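Beneath this line is the structure, given in structure tokens, with notes to follow.
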Amino acid sequence: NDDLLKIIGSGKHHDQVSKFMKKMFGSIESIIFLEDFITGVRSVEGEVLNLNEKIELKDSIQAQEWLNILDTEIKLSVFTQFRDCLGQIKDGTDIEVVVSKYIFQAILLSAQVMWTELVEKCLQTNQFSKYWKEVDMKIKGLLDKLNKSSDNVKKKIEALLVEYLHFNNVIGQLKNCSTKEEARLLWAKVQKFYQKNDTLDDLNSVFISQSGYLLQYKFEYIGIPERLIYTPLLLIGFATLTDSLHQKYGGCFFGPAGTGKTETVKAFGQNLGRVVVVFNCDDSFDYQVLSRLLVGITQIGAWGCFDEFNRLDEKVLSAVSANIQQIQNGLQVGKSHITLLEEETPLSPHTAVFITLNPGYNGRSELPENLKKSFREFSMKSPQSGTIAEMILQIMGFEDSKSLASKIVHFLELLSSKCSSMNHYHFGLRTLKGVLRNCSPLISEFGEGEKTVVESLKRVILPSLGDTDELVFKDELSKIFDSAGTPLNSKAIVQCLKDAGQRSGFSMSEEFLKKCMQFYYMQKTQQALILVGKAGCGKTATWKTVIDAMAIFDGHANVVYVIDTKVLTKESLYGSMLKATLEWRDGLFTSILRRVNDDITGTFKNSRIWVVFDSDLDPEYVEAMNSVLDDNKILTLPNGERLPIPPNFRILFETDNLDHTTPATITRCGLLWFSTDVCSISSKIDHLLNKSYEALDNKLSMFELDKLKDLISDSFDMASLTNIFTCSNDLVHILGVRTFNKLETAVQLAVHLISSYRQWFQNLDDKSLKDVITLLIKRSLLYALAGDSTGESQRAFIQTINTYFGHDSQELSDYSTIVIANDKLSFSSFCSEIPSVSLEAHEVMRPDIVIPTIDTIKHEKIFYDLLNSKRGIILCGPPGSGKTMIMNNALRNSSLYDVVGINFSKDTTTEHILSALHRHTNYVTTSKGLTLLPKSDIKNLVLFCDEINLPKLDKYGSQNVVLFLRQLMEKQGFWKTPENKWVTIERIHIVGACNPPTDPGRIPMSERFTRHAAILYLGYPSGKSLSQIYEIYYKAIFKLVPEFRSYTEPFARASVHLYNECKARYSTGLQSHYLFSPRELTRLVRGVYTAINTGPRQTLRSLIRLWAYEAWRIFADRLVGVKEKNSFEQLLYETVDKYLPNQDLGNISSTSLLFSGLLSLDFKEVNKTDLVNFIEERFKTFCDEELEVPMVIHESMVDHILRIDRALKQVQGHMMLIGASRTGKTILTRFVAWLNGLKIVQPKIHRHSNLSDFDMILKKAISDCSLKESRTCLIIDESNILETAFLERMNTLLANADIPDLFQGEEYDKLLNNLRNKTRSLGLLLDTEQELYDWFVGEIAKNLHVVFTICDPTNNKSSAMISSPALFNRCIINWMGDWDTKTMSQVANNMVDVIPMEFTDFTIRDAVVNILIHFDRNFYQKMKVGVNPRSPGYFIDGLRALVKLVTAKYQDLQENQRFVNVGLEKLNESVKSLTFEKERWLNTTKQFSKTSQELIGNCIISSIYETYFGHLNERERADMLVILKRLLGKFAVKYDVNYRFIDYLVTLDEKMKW
Amino acid sequence: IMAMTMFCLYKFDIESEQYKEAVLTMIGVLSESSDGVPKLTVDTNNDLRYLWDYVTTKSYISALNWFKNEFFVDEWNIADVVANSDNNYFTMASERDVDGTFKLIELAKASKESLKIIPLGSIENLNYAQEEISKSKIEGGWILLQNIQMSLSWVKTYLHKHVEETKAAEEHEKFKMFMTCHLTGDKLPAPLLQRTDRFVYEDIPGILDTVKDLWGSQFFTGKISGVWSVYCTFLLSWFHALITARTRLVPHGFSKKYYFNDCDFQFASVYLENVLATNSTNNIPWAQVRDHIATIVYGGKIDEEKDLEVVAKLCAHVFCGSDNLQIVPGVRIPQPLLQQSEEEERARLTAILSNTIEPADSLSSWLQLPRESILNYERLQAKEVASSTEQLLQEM
Ligand SMILES: Nc1ncnc2c1ncn2[C@@H]1O[C@H](COP(=O)(O)OP(=O)(O)OP(=O)(O)O)[C@@H](O)[C@H]1O
Ligand SMILES: [Mg+2]
């Protein structure tokens, strides 16, 4: 409609219709006028068709009228140009003559008709050879004409060549036939183009024969389309299409994508002078449009192809499939008019419907049922390649095209069977088309001979092969064809490559020369290059070396852009569009192209541009560039444009693996597989040394430098180290990295350690000097190979170093050190000297407190040494091994470096890293580096990335945050995400801590990042250092109880014993959360201090019980069940008896030691009777003041109230409660929070809650806690965590005490402003931006308190809570999982406190409660399956039913007893013959007592039915009833033996109503 | 499967514990679970001793049907089921190889007549269909709804409501509606399915019988072609009935289940009329007759190269043949006589069918595939029944 209206509107103009023709014709693009007259039309291809009669126009003429004449004349004009031409060739005219004057469509048909005529007669005579050469000459003649031809006619020749090759091929095949029958068989399969020399209606004069069936050429213009090479397979497809059409059926071919099924239908059309309309189905395509197009195709009598019909949506598919049946059923019958889209429309019988069927994941697709008897399905298969190969060789300049095509294919086929099955290996035809494509420039160098083919095989196939397969290629290449001895471009490139590497530092090894050669030759042909290899293969070295060698050899400069592909988003990189304002901003990949394309203001013409992608490559990113990888060489925008890429501009891809990428992506690009590292261990060192020396030249005199480089060369020889590196493998390595990549770690350290002692090398003894060198080198070599080792292994390796190094040379000790004087230059070798620490009570727990060990100093020294090298450090080790503190304390001490702490979580972004840096860093725009990012203060900065192996990876599996650090470590500069520019970071260091990746939660790291790190595995200490370390901890806190100063050691020994035992008794094999570390010890020691610092002056009996309380809360609250819980009771007893031998202790069980500050002003042990009463008076108040819910306060609950109380008191208070359900965990939390004076926030989530909602809930609670000083308690239930992210938000709120995301950018500035206001209001101004944020975070850490209530920890979503490291470490795990039999009885009793009852046999109340417990115990034991997920609930509601039911029944028993007593007084008044029987009615009066006996036990059954039975089976109910009845049988309660639940609780009036 | 299962469901409770492991160690041999010889006692069990004789004789189909005979039940013929059945609706599904449409014709003819076949094709057929449905129930005539699955979108809207609403169909004259499904195919609404009675047409015709059934209609077409052609139409009759026979036997036989239609015969015969119409009556046109039948007409749906060779090798034998063809071992087809009577030749070629009787070993003798392959197949369908029964017993 809209387009059509424009045509009716644009009538005045006429010329404006040409736009819309492209649509309604398909072949033509724009129409040609002389204004009054239409001279012709031009096709979308560029070909100009002129009409016979130029159609006259007047102003008041309709479009419909004039255009209709054009469609007719356009077809006639094609017949004219056909007959004119056909007649010419018949009159012996060379085809080169004709091409220049006739449109392709015409000349093609003329050739076909004459060819067919000439071969038809040639089958009779058998004069094939005479015609063959004749044809072959026309082919050669056309070929040479093409080379010298205008681009437009260049299309026409090529298109014709496809056909002439077909001609000669068929003739040659026909020459070869054994007999004439053989020739008549072959000829029948072919598409034979006949003309009727008989007849009128010329448009109907040309017809086509195939397999016996005929098909009239309709005369439609086709223009000059890209013509498919003729294959046997193609003819067979043509043959099936003709066989379906002949019987008025629809053509349909199913098969795998890339088999050209629609292209076939396009071509089959063309061959018959038809422009096929192709519907790309389900490219978000409307049904309304298709329904229109279907009417048009049935009227105009066109061919429609459904391109990938399978991909439609079921509603559409039904509707469309039914319509199509109308058409095909209309044709088969031949109905003149058929009804579709509920209107009577006429049907041309020239109409046809074609369906291509791509396969699904499930299988090769099918047609809908109705279409099955309307269509004819066929199986498209990839072409046997030989036939394609021969033609392609023919076109280039054949030599012997037949032999090459057979030989190339055999070889490729042979490689496939003979090489290893390797993933990226493709020996499919795609590959041979590529060999052939690469061949054309090669032919220019050598010949249209096999030799040029041979070279192209090894130019493409060989760079992607790996060593085993590399010979198979060479063996079978010579086995199939041998070409030549010597290669061109052999000397010249090579000296330009050697000269570039000598300059770069590199060694030209077998392999480095090879992979440099492979690369050089590929850039020539390929514009997209891929380099695949292990981390540290030599890629960056290969391309950086080759590219450098080309500026020497060509004289062309290069402009390299190295981009980390996966650090940036598709939007940051290609171009990101905003959904509503549609505002288009550049990106990164597109913006650097606009320098070359849009404005080549400087010199780009003579330059070579290379855009490198260093990061892992994935479908999503390459798909957004696939057009540049295509033969197109243009970039397609998401919205707005296509930008063309010049021949200078090459895209490289260096990566470690391919697994994700598609075989289609590989075969567009040139692939360079690095089977092994380019370079020798030694050669690496050599380069590494010199690279290190160059750094020193900028900060060290030449005299110093010359002497120190001499030292290094003579101290360490390769022969010794070779065994050392070999022995490195025979060793267990945490956070594994290969030997070769560990090398940079040695040399960088070694050279720094020697440049350290440079001054003392001036005057020291030459024999003694060597000993200082050898020791340092033996040291630096150790941490670089065995630093990530057990250290049990280190010690072992130390001897291995000593072994292989010279025997006389200074041997390595575990703690071996070199020492020089405080006040005078000196030299001696002494090890392990320690400053001694005394700290006060208050100092005991502090985020920055180190009690230095022989090993703390050992690690802190090496850790500091590596930073002097400026190599990145990964401290890998168990939780609480001190990896964070060693890093922190070595640097919190020195003036040089300043630390910046980032915690990583499962989903942390690269912006969080930047935002954390922006706080401590200042960009300067110096013309020296353009933008730079040094630290905001003059001296060096250290990023500490904690939990570096925590952030998760793309579904492909690639963690961008790690690659970003890798960018900073290797590149030393990064690209700006929004502004799009390179900023080079100055003087910034990357250090990380991580856990062993054998631990749960942990993600495996890319070798490409860990290669730039020194890895130090630090473990747990001693069990004898732990004992010693906490002695000093107790020493400090016993400053407050000086009367027991002698008790610090046995307390420290006991604490460590308790730890060692808990770790041993309760392992992750029983429960996942059973995970102990010295952090527990630290928890206990501090937990002890806080009790002392705020308690009564202490007896020895106090302190051990004080200690015991903390011991319980730290080690045993997390314990599930009772067997393990009792095990700890015995352990605690066993420990005191072994270290603190007293008879003054009491019951050490948690139930008996209750410590509180609710009753006393000082934290003291309180009386059980005193506490219970205190809770009782406060719960009523909390019940009155807050939400009204009554409960029974019981033994468990008092113990738990104190547990939550301690948690909510500590600075950071995080307790997660594990309580089944209805235990009351949520209510107690609300209570204790109210006692502590905390605002209880409970996230208001629901099914239709977004993350943004929860974000808001969180943000407010955070802003109130710091900027309003609120003191909120956040209760999060398992139900509240709706997604992964929700739980991630909760993690960020515990690992750090802020959520970074909530306050970023402008909302960071508004927070920052408000922060300054409140800080000053309180009375403190803070010098720096960092001083401010740390107040904010610290405020949150002390005012916000999170309690988690998880019910079934067995649930996979609730398992993720406990799993989460952040939550696990900073929460106090507490277990309430089941109600015990005692606590059940306590609760039952208070609920049946109301006493309707009367005396029974045997206590009466005591019996009832014991039954219900024994029923609940039997219910879960028989019915429920699975291990202890569920607990007391029905029990509470079962008791509540009984109370409601006894009251209802006893008041109705007494009501009927009152109804017979009132009738007793009325009959006695009267007393006659019958009435004395009525008086007798004591049978009923006697009956009542027996009826009342059973009503208590009858209510038991009725309540159990209502509560426990609702969801049980017919048989499941009956069977439990028996167990209940026999329980009622054991206990002296009476029940009705003939009892029926229905009759007992249903009334006949209600039973009827239902 | 339900036979073997229900047999063990009865006899495990009823007979001895020694019975239980004996029959189960046998069902284990039929399956690939285990191989053993059951515990043997003189006269102790005789029916069970008779069964193992079937399993040890490598005879699989016999041992599977053993459990059916042991029920001592009359296995009800669709007629008997329909007669007993007390509803006006039925859905009979079947494999695409066959259609019980023609069984229903003889079912209606033998009792109560009133046969009305209704194809659900286009708007017209569904539209005519809904008219013939409402009128036939008042009339009381039988009705058939051919291949509903294809027209299904309509079912959920018109038939699903229509059949649900028609509780007055019980009130209406004796009338019965039948629907044909395909088991491999679009899933019918469960609610409509449960309401309506269900049958599976499992009746597979022999090679010779299908040849006779193909050739049978061929006289209705009239006469438009040569006498010679009727010989080629006879050739195709045998050919089509030979590939269809091979279709079921898989994997041994064809690689996958392929479905061949009366459309495949039609497209083949059309090509045959065309080759005889465009060539002389000389026999030698035969070369490209095979190629076009074996690669476009029938080889079209075939995608696997393995199977494409089988269709070709069938054409090798069925089409090229001078003087004597010998389609099957017993039957020879000679080429048309000089007399050139077209009426005689129909009758001659019909007579050649009436002379022959299909042997015991047909699937191996007639379809030129080996006997050992047929046994391999018999073994596997045994294994499938035996497996699924063991699985069922342990599940309960
Ligand atoms: N010829 C050589 N002589 C000495 N050392 C070399 C030589 N070639 C490569 N190297 C060493 O190997 C390193 C090569 O860097 P490169 O980036 O190529 O490895 P990579 O395999 O690309 O790692 P990644 O896959 O992570 O990018 C250099 O730092 C250098 O020390
Ligand atoms: Mg690299």
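A note on labels: chains of the structure tokens are A, B, ... as shown, every chain counts residues from 1, and ligands are counted from 1 in their shown order.
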
So which residues are near ligand 2, meaning at most 9 Å away with only C-alpha atoms and all ligand atoms counted, given back as a ChimeraX atom specification?
/A:535-541,614,654-655,970,1008

Taking only C-alpha atoms and all ligand atoms into account, which residues are within 9 Å of ligand 1, as an mmCIF file with C-alpha atoms, in the first residue's frame?
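Saved result, part.cif, follows:
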```cif
data_model
loop_
_atom_site.group_PDB
_atom_site.id
_atom_site.type_symbol
_atom_site.label_atom_id
_atom_site.label_comp_id
_atom_site.auth_asym_id
_atom_site.auth_seq_id
_atom_site.Cartn_x
_atom_site.Cartn_y
_atom_site.Cartn_z
ATOM 1 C CA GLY A 501 64.897 -10.114 15.015
ATOM 2 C CA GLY A 505 66.097 -9.418 20.710
ATOM 3 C CA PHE A 506 64.942 -12.734 19.165
ATOM 4 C CA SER A 507 66.769 -15.940 18.042
ATOM 5 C CA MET A 508 66.044 -17.281 14.434
ATOM 6 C CA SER A 509 65.456 -20.949 15.220
ATOM 7 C CA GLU A 511 60.712 -22.940 13.988
ATOM 8 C CA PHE A 512 60.841 -19.163 14.417
ATOM 9 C CA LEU A 513 62.110 -18.749 10.866
ATOM 10 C CA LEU A 531 47.517 -17.339 14.920
ATOM 11 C CA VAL A 532 46.724 -20.169 17.261
ATOM 12 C CA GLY A 533 49.127 -21.546 19.919
ATOM 13 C CA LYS A 534 49.852 -22.164 23.626
ATOM 14 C CA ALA A 535 50.392 -19.160 25.829
ATOM 15 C CA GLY A 536 53.989 -18.175 25.141
ATOM 16 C CA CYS A 537 54.362 -19.888 21.772
ATOM 17 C CA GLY A 538 55.850 -16.866 20.035
ATOM 18 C CA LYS A 539 52.900 -15.404 18.086
ATOM 19 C CA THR A 540 53.238 -11.776 19.168
ATOM 20 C CA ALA A 541 56.942 -12.310 18.362
ATOM 21 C CA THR A 542 56.263 -13.826 14.908
ATOM 22 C CA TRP A 543 53.936 -11.162 13.630
ATOM 23 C CA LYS A 544 55.749 -8.284 15.367
ATOM 24 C CA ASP A 614 44.961 -10.507 21.203
ATOM 25 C CA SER A 615 42.029 -11.974 23.123
ATOM 26 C CA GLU A 654 46.306 -14.151 18.037
ATOM 27 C CA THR A 655 44.725 -16.671 20.305
ATOM 28 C CA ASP A 656 45.315 -19.792 22.381
ATOM 29 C CA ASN A 657 42.405 -22.001 21.337
ATOM 30 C CA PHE A 674 51.855 -22.987 16.289
ATOM 31 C CA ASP A 677 57.145 -22.723 20.905
ATOM 32 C CA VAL A 678 59.245 -20.984 18.351
ATOM 33 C CA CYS A 679 62.324 -20.789 20.613
ATOM 34 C CA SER A 680 64.901 -22.679 22.746
ATOM 35 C CA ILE A 681 64.867 -22.409 26.567
ATOM 36 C CA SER A 682 68.342 -20.837 26.424
ATOM 37 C CA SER A 683 67.507 -18.498 23.533
ATOM 38 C CA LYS A 684 64.550 -17.214 25.619
ATOM 39 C CA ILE A 685 66.808 -16.426 28.549
ATOM 40 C CA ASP A 686 69.252 -14.731 26.208
ATOM 41 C CA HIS A 687 66.619 -12.369 24.889
ATOM 42 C CA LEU A 688 65.084 -11.926 28.358
ATOM 43 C CA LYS A 691 65.540 -6.981 27.535
ATOM 44 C CA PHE A 740 58.879 -22.059 29.567
ATOM 45 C CA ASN A 741 56.574 -19.307 30.795
ATOM 46 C CA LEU A 743 61.461 -18.241 32.723
ATOM 47 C CA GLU A 744 60.747 -14.505 32.631
ATOM 48 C CA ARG A 966 46.379 -9.336 31.440
ATOM 49 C CA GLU A 970 51.366 -7.162 29.119
ATOM 50 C CA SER A 1006 43.988 -18.512 31.351
ATOM 51 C CA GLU A 1007 47.660 -19.348 30.978
ATOM 52 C CA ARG A 1008 47.838 -16.188 28.874
ATOM 53 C CA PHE A 1009 47.296 -14.165 32.014
ATOM 54 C CA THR A 1010 49.143 -16.290 34.634
ATOM 55 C CA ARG A 1011 52.262 -16.244 32.419
#
```

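Here CA of residue 731 in chain A is placed at a distance of 22.4 Å from CA of residue 676 in chain A.
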
Based on only C-alpha atoms, which of the residues in chain A come within 9 Å of chain B? I want them as number ranges by chain.
A: 181-182, 184-186, 188-189, 211-213, 236-237, 239-240, 243-244, 247, 255, 318, 322-323, 325-326, 329, 339, 368-371, 373, 376-381

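Omitting residue 809 in chain A and its sequence neighbours fewer than 2 positions away, and counting only C-alpha atoms, the residues within 12 Å are residues 715, 716, 767, 768, 769, 770, 771, 772, 773, 774, 775, 776, 777, 778, 801, 802, 803, 804, 805, 806, 807, 811 and 812 of chain A.
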
Spatial neighbours of range 68-82 of chain B, max dist 10 Å, only C-alpha atoms, sep filter under 5 positions, as a PyMOL selection string:
chain B and resi 1-4+6-7+47+63+87-90+92+103-104+106-108+110-111+176+197-201

Please run DSSP on the backbone and report, as a CSV table (one decimal) with N, CA, C and O atoms, in the first residue's frame, all residues within range 138-224 of chain B that come out as strand (DSSP E or B).
```csv
chain,number,residue,atom,x,y,z
B,143,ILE,N,-19.4,-42.7,8.6
B,143,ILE,CA,-18.5,-41.7,8.1
B,143,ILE,C,-17.0,-42.0,8.4
B,143,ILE,O,-16.7,-42.5,9.4
B,144,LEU,N,-16.2,-41.6,7.4
B,144,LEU,CA,-14.7,-41.7,7.6
B,144,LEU,C,-14.0,-40.4,7.4
B,144,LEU,O,-14.3,-39.7,6.5
B,145,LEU,N,-13.1,-40.1,8.3
B,145,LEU,CA,-12.3,-38.8,8.2
B,145,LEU,C,-10.9,-39.2,7.9
B,145,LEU,O,-10.1,-39.4,8.9
B,146,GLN,N,-10.5,-39.3,6.6
B,146,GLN,CA,-9.2,-39.6,6.2
B,146,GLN,C,-8.1,-38.6,6.6
B,146,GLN,O,-8.2,-37.4,6.4
B,177,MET,N,-18.7,-42.7,13.4
B,177,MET,CA,-17.6,-41.9,12.8
B,177,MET,C,-16.3,-42.5,13.1
B,177,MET,O,-15.9,-42.8,14.2
B,178,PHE,N,-15.5,-42.6,12.0
B,178,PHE,CA,-14.1,-43.1,12.1
B,178,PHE,C,-13.1,-42.1,11.7
B,178,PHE,O,-13.4,-41.3,10.8
B,179,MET,N,-12.0,-42.0,12.4
B,179,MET,CA,-10.9,-41.1,12.0
B,179,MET,C,-9.6,-41.9,11.8
B,179,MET,O,-9.3,-42.8,12.6
B,180,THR,N,-8.8,-41.7,10.7
B,180,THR,CA,-7.5,-42.3,10.5
B,180,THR,C,-6.4,-41.4,10.9
B,180,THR,O,-6.4,-40.2,10.5
B,181,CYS,N,-5.5,-41.9,11.7
B,181,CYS,CA,-4.3,-41.3,12.1
B,181,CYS,C,-3.1,-42.0,11.6
B,181,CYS,O,-3.1,-43.1,11.0
B,182,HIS,N,-1.9,-41.3,11.8
B,182,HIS,CA,-0.6,-41.9,11.6
B,182,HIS,C,0.2,-41.8,12.9
B,182,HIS,O,0.2,-40.8,13.6
B,197,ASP,N,-12.8,-44.1,21.0
B,197,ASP,CA,-12.2,-45.5,21.0
B,197,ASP,C,-11.0,-45.5,20.1
B,197,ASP,O,-10.9,-44.8,19.1
B,198,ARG,N,-10.0,-46.4,20.4
B,198,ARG,CA,-8.7,-46.5,19.6
B,198,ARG,C,-8.3,-47.9,19.1
B,198,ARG,O,-8.5,-48.9,19.8
B,199,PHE,N,-7.9,-47.9,17.9
B,199,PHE,CA,-7.4,-49.1,17.2
B,199,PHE,C,-6.1,-48.9,16.4
B,199,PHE,O,-5.9,-47.8,15.9
B,200,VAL,N,-5.3,-49.9,16.3
B,200,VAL,CA,-4.1,-49.8,15.5
B,200,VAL,C,-4.2,-50.8,14.4
B,200,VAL,O,-4.2,-52.0,14.6
```

Contact residues around range 338-350 of chain B with only C-alpha atoms at 10 Å, ignoring same-chain residues under 2 positions, as a PDB file with C-alpha atoms, in the first residue's frame:
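Listed below is the output, part-v4.pdb:
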```pdb
ATOM      1  CA  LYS B 212      -1.885 -57.994  -7.210  1.00  0.00           C
ATOM      2  CA  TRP B 215      -1.987 -54.202 -10.812  1.00  0.00           C
ATOM      3  CA  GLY B 216      -5.670 -54.431  -9.898  1.00  0.00           C
ATOM      4  CA  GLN B 218      -4.445 -50.311 -13.409  1.00  0.00           C
ATOM      5  CA  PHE B 219      -7.315 -51.559 -15.661  1.00  0.00           C
ATOM      6  CA  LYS B 223      -6.479 -47.454 -22.649  1.00  0.00           C
ATOM      7  CA  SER B 225      -0.802 -46.245 -24.475  1.00  0.00           C
ATOM      8  CA  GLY B 226       0.887 -49.260 -26.216  1.00  0.00           C
ATOM      9  CA  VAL B 227       0.350 -53.010 -25.407  1.00  0.00           C
ATOM     10  CA  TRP B 228       4.015 -52.951 -24.565  1.00  0.00           C
ATOM     11  CA  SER B 229       3.431 -50.314 -21.878  1.00  0.00           C
ATOM     12  CA  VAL B 230       1.146 -52.593 -19.833  1.00  0.00           C
ATOM     13  CA  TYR B 231       4.264 -54.801 -19.526  1.00  0.00           C
ATOM     14  CA  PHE B 234       3.437 -54.679 -14.669  1.00  0.00           C
ATOM     15  CA  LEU B 235       7.189 -54.339 -14.121  1.00  0.00           C
ATOM     16  CA  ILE B 333       8.029 -62.626 -16.908  1.00  0.00           C
ATOM     17  CA  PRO B 334       8.507 -62.900 -20.632  1.00  0.00           C
ATOM     18  CA  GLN B 335       8.435 -59.837 -22.837  1.00  0.00           C
ATOM     19  CA  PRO B 336       5.354 -59.151 -24.976  1.00  0.00           C
ATOM     20  CA  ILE B 352       1.132 -65.031 -13.979  1.00  0.00           C
ATOM     21  CA  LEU B 353       0.185 -63.597 -10.572  1.00  0.00           C
ATOM     22  CA  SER B 354      -2.589 -66.185 -10.087  1.00  0.00           C
ATOM     23  CA  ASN B 355      -0.113 -69.009 -10.915  1.00  0.00           C
TER      24      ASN B 355
END
```

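Counting from CA of residue 8 in chain B, the distance to CA of residue 30 in chain B is 14.9 Å.
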
Would you mind listing what lies within 7 Å of residue 1199 in chain A as a PDB file with N, CA, C and O atoms, in the first residue's frame, with only C-alpha atoms counted and same-chain residues fewer than 4 positions away left out?
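Saved to result_34.pdb:
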```
ATOM      1  N   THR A1151      24.032 -25.315  76.475  1.00  0.00           N
ATOM      2  CA  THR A1151      22.770 -25.138  77.191  1.00  0.00           C
ATOM      3  C   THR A1151      22.997 -24.659  78.639  1.00  0.00           C
ATOM      4  O   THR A1151      22.193 -23.904  79.192  1.00  0.00           O
ATOM      5  N   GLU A1195      13.825 -24.019  76.149  1.00  0.00           N
ATOM      6  CA  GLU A1195      15.274 -24.166  76.352  1.00  0.00           C
ATOM      7  C   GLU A1195      16.130 -23.862  75.110  1.00  0.00           C
ATOM      8  O   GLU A1195      17.165 -23.177  75.212  1.00  0.00           O
ATOM      9  N   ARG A1203      22.952 -16.435  70.971  1.00  0.00           N
ATOM     10  CA  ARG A1203      23.715 -16.640  69.732  1.00  0.00           C
ATOM     11  C   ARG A1203      23.502 -15.531  68.705  1.00  0.00           C
ATOM     12  O   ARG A1203      24.466 -15.045  68.162  1.00  0.00           O
TER      13      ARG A1203
END
```

Quick one: residues within 9 Å of residue 587 in chain A, only C-alpha atoms, excluding same-chain residues fewer than 5 positions away - as JSON, numbers by chain?
{"A": [570, 571, 572, 573, 574, 575, 576, 592, 977, 978, 979, 980]}

DSSP-assigned helix (DSSP H, G or I) among range 6-41 of chain B, expressed as a PyMOL selection string
chain B and resi 6-14+17-30

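Taking CA of residue 1117 in chain A and CA of residue 1344 in chain A as endpoints, the distance between them is 22.2 Å.
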
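Each of A:333, A:1414, A:1034, A:1463 was compared to residue 1482 in chain A using only C-alpha atoms, and A:1463 turns out to be the nearest.
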
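Comparing the minimum interatomic distances between residue 1175 in chain A and each of A:626, A:1325, A:149, A:1158, counting only C-alpha atoms, we find that A:1158 sits nearest.
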